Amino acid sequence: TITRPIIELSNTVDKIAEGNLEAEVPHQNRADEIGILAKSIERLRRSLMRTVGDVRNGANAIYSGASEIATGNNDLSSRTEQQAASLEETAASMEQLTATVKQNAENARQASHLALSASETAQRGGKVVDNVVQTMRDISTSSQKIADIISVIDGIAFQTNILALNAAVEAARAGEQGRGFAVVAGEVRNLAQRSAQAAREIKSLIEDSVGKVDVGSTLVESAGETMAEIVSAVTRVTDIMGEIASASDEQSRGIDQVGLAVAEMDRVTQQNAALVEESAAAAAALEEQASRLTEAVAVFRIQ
């Protein structure tokens, strides 16, 4: 009659070892030693209850974090993709910028060699204009000297025309003798007049002509302004180029420093890719680790 209860308690233990936690523990009301032991066992049953409970909450917590890492992961993923896409868009561009910079530098270096060329052919043309200016001055002098001497020949004609008067008057001193004389004096007069005609034609021609040299002189002189002016505008072109070259090998070393920061960045993007794959693996591992913990106490029927 002690046999019956302690066997019953033994069964109770068994029933607990199978994970049956919800059944009452018998004999807790006895005030004999059996009661002490039943109480011990009810205490066991309670202590197991709380443990399964804790483990189960632990499993569900972790299943929660697994799920949270996961969705935090799926973000960093497509967000990291976005980054690598953005990063190639900027790689593409820095390649175009080196292309365009290198070209602009050669294109400046051309213009410069080209302008110095204009400069040097303008200076040569400068010196050829000098010579022309000079030779115009000479022509101007010669031409005035011609005006001068032709006016003298007009004088002589006038004068020899006057002597024809005297020769006529000296001829008529022997009428019938100075008849031939009279003809000569006539001839002289005729020769003077034609000779004056020629003189005056030349006056017209030479005065006109003098007009022309002075005009041609101002034209040639301006042709020299022109050379000076070109040289000037073409030099300022050469400077402008010196400056473009300087801002180009400048842009060159700045593109350069950017390509470097970009290598940095696709290195870190690459790593974020790695981090993502790993983080997915961690999540999976956590999920299964909660599965195992749940399974470890799942036979237990509680409360």
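So that there is no doubt, residue numbering starts at 1 and follows the sequence shown.
Asker: Mean CA B-factor: is it higher for 134-142 or for 150-158?
Answerer: On average, C-alpha B-factors are higher across 134-142.
Asker: Comparing 187-195 with 108-116, which has the greater mean CA B-factor as deposited?
Answerer: Higher mean C-alpha B-factor in the PDB entry: 108-116.
Asker: Out of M49, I41, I34, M265, which residue has the highest Cα temperature factor in the PDB record?
Answerer: Most elevated C-alpha B-factor of the set, per the entry: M265.
Asker: Among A23, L9, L293, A281, where is the Cα temperature factor highest, going by the PDB entry?
Answerer: Of the candidates given, the C-alpha B-factor peaks at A23.
Asker: Determine, from the deposited record, the chain-internal third of the Cα B-factor for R179: lowest, middle or highest.
Answerer: Highest third of the chain for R179's C-alpha B-factor.
Asker: State the tercile, meaning the lowest, middle or highest third, of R45 with respect to the CA B-factors recorded for its chain.
Answerer: Lowest third, going by the recorded CA B-factors of the chain.
Asker: Classify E229 as lowest, middle or highest third according to the C-alpha B-factor given in the PDB entry, relative to its own chain.
Answerer: As the PDB entry reports it, the C-alpha B-factor of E229 lands in the middle third of its chain.
Asker: Going by the CA temperature factor in the PDB record, which third of the chain does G53 belong to: lowest, middle or highest?
Answerer: As the PDB entry reports it, the C-alpha B-factor of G53 lands in the lowest third of its chain.
Asker: Considering every modelled residue of the chain and its Cα B-factor in the PDB entry, is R173 in the lowest, middle or highest third?
Answerer: Top third by C-alpha B-factor.
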